[PDB]
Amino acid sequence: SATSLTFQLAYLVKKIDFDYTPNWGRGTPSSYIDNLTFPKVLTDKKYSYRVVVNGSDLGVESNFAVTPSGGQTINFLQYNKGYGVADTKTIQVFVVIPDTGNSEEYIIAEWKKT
């Protein structure tokens, strides 16, 4: 549960401060999802992100600026040949741990319209 994870993590690392609330930005036309912004990412190390659309792996990218406020915007145009993703498709985004051969990863956002 949220509660168990919270206090197991708290006892282990003591302090953490993050905001991975998924902010989905739309393109032109607005039926395309062009990007995903997290207001306050962890920034201790160089995380990457894998993007998967309807089960299709679009690969891994890391060159997204972290703003002094802690925000980071993952631009799907960098994964999808210069286009965003139709909002009728399922988009999964995974945070990929560095120095791991892209093998350690965790789901961090999912777009699925309803």
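Residue numbers here begin at 1 and follow the sequence given.
- With 39-47 and 74-82 compared on mean CA B-factor from the PDB entry, the stretch scoring higher is 39-47.
- Judged by mean Cα B factor in the deposited record, 51-59 ranks above the other of 22-30 and 51-59.
- The PDB entry assigns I91 a C-alpha temperature factor belonging to the middle third of its chain's modelled residues.
- In the PDB entry, a CA B factor belonging to the lowest third of its chain's modelled residues is recorded for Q8.
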